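Listed next as structure tokens is one chain, alone, in the form deposited in one PDB entry.
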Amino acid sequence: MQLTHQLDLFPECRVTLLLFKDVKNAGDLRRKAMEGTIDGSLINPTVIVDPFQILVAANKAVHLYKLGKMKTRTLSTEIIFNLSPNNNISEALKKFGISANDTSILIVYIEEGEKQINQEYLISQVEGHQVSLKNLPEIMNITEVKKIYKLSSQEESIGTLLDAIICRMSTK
């Protein structure tokens, strides 16, 4: 059900994605994310075409973190911001973070060294139903994605799609 990925550039870093459906407490999760009583980055899964898009965002996040050149104040926000087409942080977090009105949530987190996330506890904090990440394509909304990244109606493979999105995430 979890998706786990060892960063090839930063081997000691592993990134985990967890997906939840039927979420009855998005309102509180958002507050916990905003007073930091919750691990990970809470990401609106409606606008994430493939976990691959999150892995690029996280890879860049870790990179600026290791350089000490994050554009945002923390690793968790930096992941979310990297998803955005543009330089507004306060708009980026609004659009790609969760809102109280989401019923589906994607959480993303990174571990290296001694710092290990209590996954079992994180899961228990979501009043929802954890689903496999293979479920993303039906929770995902292709019109929103295309709107947000200013993309062409002309349908394409997730691969072509991903390169267009990755490009809009690099140039902002």
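For every residue, the number given is its place in the sequence shown, counted from 1. Shifts are known only where both forms have a C-alpha. Rigid core (definition): largest C-alpha set, two forms, superposition within 1.5 Å.
Below: the form deposited in another entry, not depicted.
Once both forms are fitted on their rigid core, the CA atom of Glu155 lies 2 Å or more apart between this form and the one not shown. Compared with the form shown, the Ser157-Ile48 C-alpha separation increases in that other deposited form, the change being 3 Å or greater.
Three angstroms is the minimum change: in that other deposited form, the CA atoms of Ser104 and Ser157 sit farther apart than in this structure, by 3 Å or more.
In sequence order, 152-160, 170-172 are the runs of at least 3 residues present in both forms whose Cα atoms shift by 2 Å or more between this form and the one not shown once the core is superposed.
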